[PDB]
Amino acid sequence: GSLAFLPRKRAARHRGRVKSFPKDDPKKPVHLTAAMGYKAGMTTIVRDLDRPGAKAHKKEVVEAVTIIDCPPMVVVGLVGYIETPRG
Amino acid sequence: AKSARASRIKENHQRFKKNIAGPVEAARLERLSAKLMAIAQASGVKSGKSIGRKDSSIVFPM
Amino acid sequence: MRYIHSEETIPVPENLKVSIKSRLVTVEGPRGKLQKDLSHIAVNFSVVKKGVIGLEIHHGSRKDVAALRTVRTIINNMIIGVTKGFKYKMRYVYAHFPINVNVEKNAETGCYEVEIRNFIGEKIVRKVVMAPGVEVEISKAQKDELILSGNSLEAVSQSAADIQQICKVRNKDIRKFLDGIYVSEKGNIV
Amino acid sequence: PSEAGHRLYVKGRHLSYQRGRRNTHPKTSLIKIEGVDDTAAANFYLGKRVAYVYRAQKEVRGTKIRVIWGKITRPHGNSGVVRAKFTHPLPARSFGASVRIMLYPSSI
Amino acid sequence: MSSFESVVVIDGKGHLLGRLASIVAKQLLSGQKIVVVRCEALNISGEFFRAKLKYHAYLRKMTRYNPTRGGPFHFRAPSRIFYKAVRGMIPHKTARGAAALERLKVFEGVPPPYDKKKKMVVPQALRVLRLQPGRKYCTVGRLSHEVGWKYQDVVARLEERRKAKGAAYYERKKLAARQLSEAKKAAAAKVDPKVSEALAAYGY
Amino acid sequence: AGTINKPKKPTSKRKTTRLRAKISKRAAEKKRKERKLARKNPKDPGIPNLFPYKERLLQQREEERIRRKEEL
Amino acid sequence: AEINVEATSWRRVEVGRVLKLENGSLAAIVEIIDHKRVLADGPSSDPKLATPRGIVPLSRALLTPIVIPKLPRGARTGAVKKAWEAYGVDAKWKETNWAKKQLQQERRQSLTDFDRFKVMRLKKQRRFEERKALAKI
Amino acid sequence: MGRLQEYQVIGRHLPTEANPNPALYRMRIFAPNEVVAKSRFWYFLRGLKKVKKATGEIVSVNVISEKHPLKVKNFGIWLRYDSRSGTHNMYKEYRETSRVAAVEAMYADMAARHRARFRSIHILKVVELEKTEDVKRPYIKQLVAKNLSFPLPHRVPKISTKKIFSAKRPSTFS
RNA sequence: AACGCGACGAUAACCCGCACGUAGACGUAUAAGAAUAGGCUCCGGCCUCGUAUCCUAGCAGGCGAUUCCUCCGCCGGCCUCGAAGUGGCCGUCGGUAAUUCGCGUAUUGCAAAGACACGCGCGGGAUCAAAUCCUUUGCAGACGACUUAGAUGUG
């Protein structure tokens, strides 16, 4: 297999970590980045494709999609981080 | 073929990020930030304005 | 051999103002500002006449004396650029596909951008960015010739060298395909 | 209030035993006195009483402080280190510990 | 002149790597507490590609079965590069050696409890007092950045804020020296000149 | 070339004592060979020109050869 | 054509420059031997400032601001002595900041135990006024 | 070699009933003490002539001192040194105040610059250039030149080697 | 990193009985930055040099004066310190040889077990706030381990 994913290790926590958030600059306005949801299943769609140069241009294409059920979040805290020479 | 970390491919990608996908992500992010705004707007040691103390492995113990 | 003393001379004209803090030499003249740092070489800077800079090495080897000759002409080139200026006249020639050149001065960072199209029919635009301090204009006196002007000789020569390298023919015989942009005239403004 | 000290000794450190490469002799001990840099400055400190004070974790005489006494015998090297002899050789764990050099017996 | 201090803090700027390490290791084994500050501003002699060659040869040495145990842990920080040099001059396998390494502290930049203290210098390892003027030298900070250190911009921003606070402190220090000289000249008119005549003869 | 970025395996500079034994054996054997070759068997450069008082040395050795023929 | 430079103005070593040796003595340069060694002669009447004629190395010497104006090269002990008395370099050495520092540090070591106590007492008396003036300022 | 001296060594073959009153040779020898000056005398003499230590005797050994060890003289040394190829001549020049200081600087120069040892260097002639404009080397002529005066850039301070730490950074302008 | 680190949430105050009080303190005093073929500054001048600068007298540092507004410490009040977090100013109170005195110090003999007060812990019980086992769960499982759920509910 791939050495980038070895050894085969169980995830330390059931949730999942973002690890890397996108790099921030102050020129854009304020916006949040991540969100949760809960997976519900998968279903099929048909999409009128709008891809120039593909064989499936302007014709129906069946596509497998996933459905993630996302109830609204609630903001409860605000943590702030300071930039140290240890991270 | 040319590698995915090739310098020419990186420069071609950098021109796409600046000229083609640049303003499209800027316009979408403007609409999302306007939506978060609508949801949001819907003595110093006694007032807390002046920051004080709350409530050592860097220096040797004297 | 450990030569005890070696000295050199940089004359300075009447319309100049040169200043050396430690080794940071700045030359102020009619054409503008020039400045460079020479802390990498041990030179003793002095004034010995009305308009003469002195540059001396004490207890030096051959390479220490030879380092005074290269820093003599670098400072003198700064004197020439701030008095007379430097001009590079590049000329672009083509066989079939007419190469198109457009120069626009960018509002931020104040750098001229020279953009090149239709180099042997290639669809890629070639955008080369000039150094801060050099000005590029399409010449109206002669056909298909670019003029780069500025005070820093290193800046105008590097900007000219960057244009020649970016329009280089690849995987094709250079005896048959003579398309490109080449430096033709190399001198001063005045 | 006096706000003064009570130091009548010169500070020193215990460096090592007398040794070659692979042979150490713990009967003699090398002392670096604070301020001496030469053999000429070390010559003033020859035949001076030397004390190594430490703590016990048990009171034996009403106090937890035990002392080992010795004397500076001869200089060592060119850098001002002296070598000293004690009644009992100093431990090994005290390599780098404080050592007090007294000003007696005196010929000033 | 062979002084004994509680904790001596050394500014690493302009200091040769191994010549500071051999002085520090001799001091640590003698019983002296050492704090080394600005390890990114240390200097290595020779040219930069030689130091870049030497670390990549060090980066070539690893254990076969698993590098988590028994493998040479390659440290990309300037402080741990200096710590590796000091540790090689210390019998760290022994208990005396490990106690000497506990007396050492190394930092990249000048942390807040140590920018208020007086940073001493070692003349036997200073680059301007030891290296020939024509010879080339490199900096450990740019060696570490081009081999994996990711906190160079953090340290440079933190050093910039320390200079601004240091610059304002020097203005106050400059003013206190003004007021001391003004007070000394003024108090000298009423200072009982039999006292000042005796102090001048005594050296003071 | 790329030795700065990817250095190769270094050549060890510590001599094994079995290699040092071969070198001393091989060198002393060559010393025997030149002494055996010399046993088998089958120009002064003059005063340097740059010497300042070279002319006086030729005149002094001329007068020395005057004294040699006078004695003999 | 205005020029303003700021480089290091080292003290030129030359015929007539008087240098301080490590023993506190003084000697003027008579002839330059190499770029490291030189021939020197200080014929002072003060025995603490005297130096016999001989080779001094520049590593063990230290350059003073005083220079004799027209010392000839290779001048013997008679000519250097007459130039020392005419220029009065014993007088201008005493006025130098280096000799004032050397005089003060010689008064350091001459301080006896009683004398060091009077030093502590009089500095306490001096600083009582200086503290009072500083609070006024 | 160390505090070299210059000795006058007078030697002769042992007198014989057939050959009374022998030739009485003389050589000038630069040696650290007397016992090597006598040894170097018999080394050279057995190379030139037939006379050896067993068949000869030393008549006198007298040291020779400089006329004026307080004046600065330019010295020219002609020497013949043996390398792995053969024997070569050199004319070197040095600026000292004595003849033993001439050969002291010579042995340090030949060892440093050509890796020559004492048993390979033959001191042919040591002369004092009595008048200038007979100096022919560029480094010594550089020192002889008119109104010579140089500064001393980057003089490191003499800080004591047992003063491990210092508070103020040193300056290099003295 | 299971012998690296941080932010945060909720904790363990009682009562009864008993076991003991330094990998090297002795003034453990001292923040500019930067250059080193230059720099600092009262803008007079100064720089080899930390051989410097503060503090340092008093039964291991007493008691009372004459006399002094200097230095130190604690609390506040207002502000400042975040790289592994502290100082400034003001106000109260306590102490305080910068000058000059008076009454003690001894025969521990030339250097080498009393009372009171305060902490760190042990062995019981009672008062908290949790975790584990338990029962269910199947997003998990070789076995441990993991995701849930069980105190009134939208169970």
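In the annotation of the PDB entry, chain G is listed under the name 60S ribosomal protein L14-like protein and assigned to Chaetomium thermophilum. In its Sequence similarities (unreviewed entry) section, UniProt records this for chain G: "Belongs to the eukaryotic ribosomal protein eL14 family."

For chain B, the name recorded in the PDB entry is DUF2423 domain-containing protein, with Chaetomium thermophilum as its organism.

(A) Looking closely at the overall build of chain G. Check the secondary structure of chain G and you find four helices and six strands. From first element to last, N terminus to C terminus, chain G shows the α and β order β-β-β-β-β-β-α-α-α-α. Dimensions along the principal axes, computed over C-alpha positions, put chain G at roughly 60 × 55 × 30 Å. Going through the 137 residues of chain G one by one, you find that 39% of them count as buried. For chain G, the accessible area works out to roughly 8300 Å², and carbon and sulfur atoms hold 53% of it. One way to put it: in chain G the 30 positive side-chain charges average out to a point 5 Å from where the 16 negative ones average out.

(B) Spatial organisation of the pattern of salt bridges. Considering all chains together, one arrives at 30 salt bridges over all chains under this definition. Among the ionic pairs, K81 of chain G bridges to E85 of chain G, the shortest N-O distance being 2.7 Å. Of this pair, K81 of chain G and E85 of chain G are both found in helix α1 (residues 77–87), four residues apart, which corresponds to roughly one turn of the helix. Note on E85 of chain G: relative accessible area 54%, which makes it exposed. Where salt bridges share partners, they join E6, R28 and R99 of chain H into one cluster.

(C) The protein's contact with RNA strand I, seen in detail. Near RNA strand I, the surroundings consist of 104 residues, among which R53 of chain B, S98 of chain D, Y170 of chain E together with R127 and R131 of chain G are the closest. If you look at RNA strand I and keep only atoms within 4 Å of the protein, 53% of those are sugar or phosphate atoms. Between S43 of chain B and RNA strand I, the recorded distance is 2.9 Å, taken from a side-chain N or O atom to a phosphate oxygen. Interatomic distance of 2.5 Å between a backbone N/O atom of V43 of chain C and a sugar or linking oxygen of RNA strand I. At the level of secondary structure, the elements contributing two or more residues to the surface near RNA strand I comprise α3 (44–47) of chain B, β6 (52–60) of chain C, β1 (9–19) and β6 (98–102) of chain D, α4 (95–102) and α7 (152–187) of chain E together with α3 (97–109) and α4 (113–136) of chain G. Considering each element in turn, the surface near RNA strand I owes the most residues, eleven residues, to α7 of chain E. Classifying every residue of the surface near RNA strand I gives 34 nonpolar, 26 polar and 44 charged.

(D) Spatial organisation of a nonpolar patch on the surface. All names here are of chain D. Nonpolar side chains collect at one region of the surface, where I65, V67, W69 and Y104 lie side by side and expose about 350 Å² of accessible area between them. Take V67: it is sitting in strand β4 (residues 65–76). Since its relative accessible area comes to 36%, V67 is described here as partly exposed.

(E) Examining the packing of aromatic side chains more closely. Considering all chains together, one arrives at ten aromatic pairs over all chains under this definition. Relative to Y91 of chain H, the ring of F51 of chain F has its centre 5.7 Å away and its plane inclined at 75°; by these criteria the two rings are edge-to-face. Taken together, the residues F51 of chain F in the loop between α1 (17–40) and α2 (54–71) and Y91 of chain H in strand β5 (residues 87–96) connect one chain to another. You'll find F51 of chain F and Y91 of chain H in the same group, each marked buried. The rings of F51 of chain F together with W78 and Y91 of chain H are connected pair by pair, giving a single aromatic cluster. The cationic tip of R13 of chain D hangs over the ring face of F4 of chain E; the distance from NZ or CZ to the ring centre is 4.3 Å. Positioned above the aromatic ring of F48 of chain E, the side-chain terminus of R142 of chain E is 3.6 Å from the ring centre.

(F) Looking closely at the sheet that holds strand β10 (residues 126–129) of chain C. All names here are of chain C. Read across the open sheet, the three strands follow the order β8-β9-β10; overall the sheet is antiparallel. One side of each edge strand has no neighbouring strand; the edge strands of this open sheet are β8 (100–105) and β10. Sheet twist, expressed as the mean angle between neighbouring strand axes with direction ignored, is 20°. Here strand β9 (residues 112–117) pairs with β10 via four bridges, running antiparallel. In the strand pairing of β10, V114 is matched with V128. Across the sheet, helix α2 (residues 153–166) lies against β9 and β10, angled at about 165° from β10, the strand it touches most.

(G) Highlighting the side chain of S166 of chain H. Within the element layout of this structure, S166 of chain H appears in the segment after α3 (138–144). Residue classification places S166 of chain H among the buried positions, given a relative accessible area of 7%.

(H) Structural context of α4 of chain G. Taking 1.5 Å per residue, 24 residues should reach 34 Å; α4 of chain G reaches 35 Å between its end C-alpha atoms and fits that length. Residues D115, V119, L122, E129, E130 and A133 of chain G constitute the buried set of α4 of chain G. On its buried side, α4 of chain G packs onto α7 and α8 (193–202) of chain E.

(I) Here's a closer look at the arrangement of the chains. Take the 13 pairs of chains in contact: the one carrying the most contacts is chains G and H. A gap remains between chain C and chain D, which never touch, and the nearest two C-alpha atoms on either side lie 35 Å apart. No part of chain C reaches chain F; the closest C-alpha pair between them is 19 Å apart.

(J) Structural detail: the interface of chain H and chain G. At the junction of the two partners, chain H supplies 16 residues and chain G supplies 23 residues. Of the roughly 1700 Å² buried where chain H meets chain G, counting both sides, 63% is carbon and sulfur surface. Contact with chain G buries surface across chain H, with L70, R95 and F150 of chain H losing the most and accounting together for 30% of the total. Where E31 of chain G meets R95 of chain H, a salt bridge forms, and the shortest distance between an N and an O atom there is 3.5 Å. Taken together, the connections running from chain H to chain G amount to six residue pairs in polar contact. Among the residues making up the side of chain H that touches chain G, the classes are represented as nine nonpolar, three polar and four charged.

(K) Quick peek at unusual backbone geometry. That bond from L6 of chain A to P7 of chain A is cis: its omega, 0°, falls within 30 degrees of zero. With respect to the helices and strands, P7 of chain A occurs in the segment before β1 (38–48). The linkage connecting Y104 of chain D with the following residue, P105 of chain D, adopts the cis geometry, with an omega of 0°. Within the fold, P105 of chain D resides in the segment after β6. The backbone of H59 of chain C shows a phi angle near 55°, a positive value even though the residue is not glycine. One can find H59 of chain C in strand β6. The exposure class of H59 of chain C is buried, given its relative accessible area of 14%. With phi around 55°, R115 of chain H is a residue other than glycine that occupies positive phi space.

(L) Geometry of the nonpolar core. Counting residues in hydrophobic clusters, the biggest one holds 36 residues, and the most contacted among them are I10, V24, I34, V36 and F82 of chain E. Those elements giving two or more residues to this core turn out to be β1 (7–11), α1 (17–30), β2 (33–37), α2 (48–58), α3 (78–88), α4, β4 (104–106) and α6 (140–145) of chain E. At eight residues, the largest contribution of residues to this core is made by α1 of chain E. With near-sequence residues (within four places) excluded, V36 of chain E lies in contact with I10, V24, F82, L104, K105, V106 and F107 of chain E. Membership of the second largest hydrophobic core comes to 27 residues, among which are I47 of chain F, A27 and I29 of chain G together with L148 of chain H.

(M) Representation of a positive patch on the surface. Residues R60, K61, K84, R87 and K93 of chain E together with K6, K8 and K9 of chain F make up a contiguous surface patch of positive charge. In this structure, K61 of chain E sits in the loop between α2 and α3. Exposure remark for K61 of chain E: the relative accessible area of 48% places this residue in the partly exposed category.

(N) Local environment of the side chain of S98 of chain H. Residue and element names in this part refer to chain H. Along the chain, the position of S98 falls in the loop between β5 and α2 (99–114). The class for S98 is buried, based on a relative accessible area of 11%. A polar contact of 3.2 Å, which involves the side chain of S98, links it to the backbone nitrogen of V100. Residues within four places of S98 in sequence aside, it is in contact with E66, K73 and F75.

Parameters at a glance
Residues numbered from 1 in each chain as written, not as in the entry; some residues may be left out. Chains lettered and ligands numbered in written order. Part of a larger assembly, values for the part shown. Heavy atoms only, no water. UniProt positions renumbered as here; feature names shortened; annotations may be inferred. Helix = DSSP H or I, 4+ residues; strand = E, 2+ residues; numbered from the N terminus. Buried < 20%, exposed > 50% of the residue type's maximum accessible area, 1.4 Å probe, protein only. Areas by Shrake-Rupley, 256 points an atom, 1.4 Å probe, with all protein chains shown as cover. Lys, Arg positive; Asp, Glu negative; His and termini not counted. Charge placed at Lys NZ, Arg CZ, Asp CG, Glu CD. Salt bridge = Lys/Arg side-chain N within 4 Å of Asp/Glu carboxyl O. Near = heavy atom within 4 Å. Polar contact = N/O pair within 3.5 Å; in protein donor to acceptor, adjacent residues only side chain to side chain. Nonpolar A, V, L, I, M, F, W, Y, C, P; charged D, E, K, R; others polar. Patch = residues over 30% accessible without salt bridge, like charges linked within 9 Å, V, L, I, M, F, W, Y side chains within 5 Å. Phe/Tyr/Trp six-rings, centres within 6.5 Å; stacked < 30°, edge-to-face > 60°. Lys NZ or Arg CZ within 6 Å of the ring centre and 35° of its normal. Pairing = 2+ DSSP bridges. Axes fitted to C-alpha atoms, helices over the stretch in contact; angles between N-to-C directions. Contact = heavy atoms within 4.5 Å. Expected span 1.5 Å × (residues − 1). Buried area = accessible area lost by both parts, 1.4 Å probe. Core = buried A, V, L, I, M, F, W, Y, C linked by side-chain atoms within 4.5 Å.

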